[PDB]
Amino acid sequence: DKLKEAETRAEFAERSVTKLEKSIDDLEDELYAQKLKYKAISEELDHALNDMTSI
Amino acid sequence: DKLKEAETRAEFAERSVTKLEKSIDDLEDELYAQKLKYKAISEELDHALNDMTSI
Amino acid sequence: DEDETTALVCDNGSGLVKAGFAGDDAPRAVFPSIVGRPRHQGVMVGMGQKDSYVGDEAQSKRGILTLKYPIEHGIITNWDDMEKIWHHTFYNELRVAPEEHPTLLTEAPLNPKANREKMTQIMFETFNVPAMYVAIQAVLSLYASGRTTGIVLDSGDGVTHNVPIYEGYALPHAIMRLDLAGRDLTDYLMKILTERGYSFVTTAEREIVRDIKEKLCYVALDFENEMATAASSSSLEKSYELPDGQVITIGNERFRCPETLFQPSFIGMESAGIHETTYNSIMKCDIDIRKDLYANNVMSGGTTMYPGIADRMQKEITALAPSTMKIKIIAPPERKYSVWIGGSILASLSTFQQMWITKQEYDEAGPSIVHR
Amino acid sequence: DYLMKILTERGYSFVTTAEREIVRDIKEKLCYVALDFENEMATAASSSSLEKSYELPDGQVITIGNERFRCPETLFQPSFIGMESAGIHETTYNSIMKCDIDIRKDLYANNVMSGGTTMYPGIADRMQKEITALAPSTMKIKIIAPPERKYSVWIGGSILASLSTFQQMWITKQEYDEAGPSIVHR
Amino acid sequence: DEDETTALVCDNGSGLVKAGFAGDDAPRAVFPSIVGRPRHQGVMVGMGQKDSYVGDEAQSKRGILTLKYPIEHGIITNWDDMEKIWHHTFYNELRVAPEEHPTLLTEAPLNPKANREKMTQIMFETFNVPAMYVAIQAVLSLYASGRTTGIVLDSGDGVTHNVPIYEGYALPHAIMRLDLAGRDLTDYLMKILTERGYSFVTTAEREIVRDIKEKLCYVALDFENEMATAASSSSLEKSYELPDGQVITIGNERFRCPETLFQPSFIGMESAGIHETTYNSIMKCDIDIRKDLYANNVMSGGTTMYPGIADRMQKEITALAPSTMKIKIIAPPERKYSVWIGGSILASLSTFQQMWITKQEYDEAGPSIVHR
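Protein chains in written order, with this note's numbering: chain A, 80 to 134; chain B, 80 to 134; chain C, -6 to 365; chain D, 322 to 507; chain E, -6 to 365.
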């Protein structure tokens, strides 16, 4: 009986780890996408703040 | 005997899930920090492109 | 393959539908057994006017609809709204056309003869399925645990049952029904948790008390000196983080909720509890079959999943049963789908083909044919 | 009108109507909503190069250092003007704990700002921190303040009314002459 | 006389305290349940610096103090501020010394065990009363209407309740609480009256909307064809003269305000209303006791005073109850003090002496003693 319980929970803990590992890779990837989509708008920015201080 | 094996492995799977869950929460939090640090620079931007088109 | 692939298994519950293909190991589709009807005229962006909503879209949009439950206590109470849940199951959830798939359905323990004939009338005459079959739920649960004689304590969302089965025939006069289940149990936790000094105020607070019940609730053995333990205050406590930060703590109540299943008195119920009822079912059966039932207490249903349910039941009936007896409480891990899995096995089986009620049988014998 | 008084109170006079009108152009150009309005007054005192002088219709260079932000601190503290009502951020919040529970994560991540008076720079940062610190930490806060916000309302109408699908919601004289004013009232 | 004269009865509410001597017919003291704390340093002419203000001096001086309500929804939420309201009641309002008076207090329907023990701890240990007793509010209301079995719809300033009582024991599992009461009701009138094209701008405009609600509001029976009546515009209208001349007219809204108690949807409440809730309490009770509860719907509380409340409720539950049943809605005239009067009767009674918890019981048994 201790067994059915230990095994059933091992299976649930493994299903939850694969679920959370799958959600960590999607957030970490959505990420370098966000972190990069920015260097571009922050750099378009030092530029688009410098020309109106000049005009 | 099947038991010592199912339990020991369950413990290792649980240790790995808590490790990966801890790394998903740090990336997802480093995240709303990045995603938000931007709404601010992209909005500071529609603004800092609108006043020089006006000046 | 014609129908090896093709058999569908639909288990209709009071809270959830479980559905999928005979052959699979678990239900392809699981969703609430609701049918929402919009309280006001209007639309979602990009959609048309919808007359009705079913399953999760009814739950998600519950604030603008009047929600209705077709199955009260395991029995189909509204046939207009049930044909709606079936329609949704075939066409949207499993995305199959029903007119080329044999369909194994389930019914409840003492399901009125007339209902088994009515869902047959609707299966064959409005969905035009090739063939169908209605199995009794406890009977599929037992069978999914390999055996043919045993007694199933079956407990889901609106009903609890005890169905003693002998060489496959569920024993009508020994079946017991207790109308207190997981639904009742979430609402009691609710109060002992607001009573712990809390507030489940918005609907995002309400719903998650149920996810607290599922994740953190326990059935302690020696529930007596577990309250006593609570008081010395060990590291028995357990804090859950809400949709936001609001870390709620649940130490003790954690097990006061499933102690409701042994003590219905916790909720103003005067009925007997799960273990006594297991037993009473058993001293209502033939004498010669009582050693069999005792060594084969199979558990199935979402509400029998509370850890330590089996140990408490083990000791609950040992101590009521004559000592000459062998007690044995089987509680498998997949038990929230036992019923379904028993249907998947049975309907994919090599020998079941000759029990399918075909449109030939029906068009020729009337609903009586499948009724048995 | 509050800036007016804290600026006459700075030792000034908006005497003719050409003095009155331009206090409003001072408010628009030079006013700020500081985050940590607390240690901004403190900053004012050490007297940094926080000050800001505006040249009037004529030469009369008026200086506004500090009051510059004491004016939008009125939106968080109505007590600055003898108002007993709650302020902008608390009110954002109270609206939110008056709504259904399940919809409160949505509202919190979508605080859209519109209107001429929400244009004071740093309004969004102050509001950001104002409601984070009132909201349960499990929550995501998000204060959207677009640049064109003094015309959000109008632009939303321009979009909607030029839209391809809106044609079927226009109340026509046919609807009206036949249904009475009730028709458009919904 | 020792205590025949000497028993005090203090009914603690969400909006008002009602207090006085057991024996009297009505409360000697009635005042708001607030505790004001001055926002600035300074004094009134001739007085000293005051740290705190309670009751009417807190209301009258509200512009310089931060007002706080100790009892949220009938439950004591702040014990520092409650001991302040009690102090005020004994020493200033009733001007008695508490250490020679037995004190009957009241609590709410499902008042947490721990609170009944805490106010006992404060009554005996900081006020040093000889003896005390905590009665449940609906239970005193019932009893003040002579009977012992009935169901009380109790509705005051912050809570509404239904407390089914059988031979004196309030039935825990059948009690319903609806957090919408007279406070909610004054604020809704406020809006339908500003919405009538008005302005309650200064604080002398705010306060009197509540006096409009009390004097001119109605609960119409057939609220349907009362709106219809409003339109034909009969001499149904009613103008009230403000602190000054400013004659304000209220025709219609007059009853749109108590229709909120049957339709919570008027105020963005999704909960059921008063009459349905009376009923649901009743189909949650034992079967054999349901004819009793139906013929004994006792009403108490300030918000149940709206004329025609009883007729609407009469017809509201007749038409939900099985026709074999006798409906009977008792609404006495003194109902804004039922609770208190029931306590006055009980505590001045000849047989109650043997239930008083004495300092002997307490110093010997701990707060547990009175908790029951």
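We put the beta carbon where it would ideally sit given N, CA and C, even for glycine.
Task: Three-way DSSP call (helix, strand, coil) for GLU252(E) in this model - done: helix
TODO: Identify every run of the beta strand (DSSP E) within the segment 147 to 207 of chain C, keeping only runs that are complete inside it and at least 3 residues long; order them along the chain.
DONE: 153 to 159 and 169 to 171
Open item on the list: Can you pull the chain C neighbours of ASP80(A), defined as C-beta to C-beta under 7 Å?
Closed with: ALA303
TODO: Tell me whether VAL291(E) sits in a helix, a strand or coil according to DSSP, three-state version.
DONE: strand
- [ ] Inspect the beta-carbon positions of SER102(B) and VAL96(A) and report whether they are closer than 7 Å.
- [x] no
- [ ] Starting from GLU234(E), trace the beta strand (DSSP E) both ways and give me its first and last residue.
- [x] 231 to 234
Task: 6 Å Cβ shell around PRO442(D) - same chain, five flanking residues per side excluded - done: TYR353
Open item on the list: Is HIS166(E) close to chain C? Criterion is C-beta to C-beta, closer than 7 Å.
Closed with: yes
Open item on the list: Residues of the segment 281 to 306 of chain C in Cβ contact with chain D at a cutoff of 7 Å, in chain order, please.
Closed with: none
TODO: Check the DSSP bridge columns for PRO25(C) and list the partner residues they point to.
DONE: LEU9(C)
TODO: Would you kindly work out how many angstroms separate the C-alpha atoms of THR351(E) and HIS364(E), rounded to a whole number?
DONE: 13 Å
TODO: Pair every Cβ in the segment 259 to 278 of chain E with every Cβ in the segment 139 to 155 of chain E, then say whether three or more of these pairs are closer than 8 Å.
DONE: yes
Open item on the list: I'd like to check one pair, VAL145(C) with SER134(C): are the Cβ atoms closer than 7 Å?
Closed with: yes
Task: Near-chain A residues of the segment 85 to 105 of chain B (beta-carbon distance less than 7 Å), N- to C-terminal order - done: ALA85, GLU86, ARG88, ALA89, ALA92, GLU93, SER95, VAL96, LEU99, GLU100, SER102 and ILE103
- [ ] Please name the residue in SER435(D), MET404(D), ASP322(D) and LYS350(D) whose C-alpha comes closest to that of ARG470(D).
- [x] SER435(D)
Task: Neighbouring residues, chain H, relative to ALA127(A) (Cβ below 8 Å) - done: As a matter of chain content, chain H is missing from the structure shown, whose protein chains are A, B, C, D and E.
- [ ] Measure the C-alpha to C-alpha separation of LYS43(E) and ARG55(E) and round it to an integer number of angstroms.
- [x] 14 Å
Task: Beta-carbon gap between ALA174(C) and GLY190(C) smaller than 7 Å - done: no
Open item on the list: Distance cutoff 7 Å, beta carbons only. Does residue 450(C) sit that close to anything in chain A?
Closed with: This structure cannot settle anything about residue 450(C), because the visible part of chain C is limited to -6 through 365.
- [ ] Determine the contact status of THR179(E) and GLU160(E), defining contact as a CB-CB distance below 7 Å.
- [x] no
Task: Where residue 135(A) meets chain B, residues with beta-carbon distance less than 9 Å - done: Residue coverage of chain A in this structure runs from 80 to 134, which leaves residue 135(A) outside it and unanswerable.
TODO: Report buried or exposed for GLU499(D), applying the criterion of at least 16 other Cβ atoms within 10 angstroms of its Cβ.
DONE: exposed
Task: Euclidean distance between Cα positions of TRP475(D) and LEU481(D) - done: 10 Å
Open item on the list: Threshold first: 3 residues or longer. Then list the beta strand (DSSP E) segments lying entirely within the segment 40 to 115 of chain C, N to C.
Closed with: 58 to 61 and 96 to 100
Task: Per-residue contacts from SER485(D) into chain C (C-beta, under 7 Å) - done: The contacting residues do not exist; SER485(D) stays about 12 Å from chain C at best.
Task: Members of the segment 452 to 476 of chain D that neighbour chain C once the beta carbon cut-off is set at 8 Å - done: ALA456, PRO457, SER458, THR459 and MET460
Open item on the list: For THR96(C) and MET40(C), what's the separation of their Cα atoms in angstroms?
Closed with: 32 Å
TODO: Could you tell me how far apart the beta carbons of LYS308(E) and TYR287(E) are, in whole angstroms, since I believe they sit closer than 8 Å?
DONE: Actually they do not touch by this definition, with Cβ atoms about 14 Å apart.
Open item on the list: On the criterion of 16 or more Cβ atoms from any shown chain inside 10 Å, does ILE57(E) qualify as buried, or is it exposed?
Closed with: exposed
Task: Nearest to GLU92(C) (by Cα), restricted to the options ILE205(C), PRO123(C), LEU342(C) and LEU186(C) - done: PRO123(C)
Open item on the list: Please tell me whether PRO102(C) and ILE27(C) are closer than 7 Å, where the distance is taken between their beta carbons.
Closed with: no
Open item on the list: Which residue marks the beginning of the beta strand (DSSP E) containing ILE243(C), and which one marks its end?
Closed with: 240 to 243
Task: Test: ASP346(D) CB closer than 7 Å to a CB of chain C - done: no
- [ ] Have a look at the DSSP bridge pairing and note the partners of residue 382(E).
- [x] It is not possible to answer for residue 382(E), since the shown part of chain E is limited to -6 through 365.
Task: C-beta contact flag for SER337(E) and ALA90(E) at 7 Å - done: no
Open item on the list: With distance defined between alpha-carbon atoms, name the residue in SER341(E), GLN353(E), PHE255(E) and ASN71(E) nearest to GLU(-5)(E).
Closed with: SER341(E)
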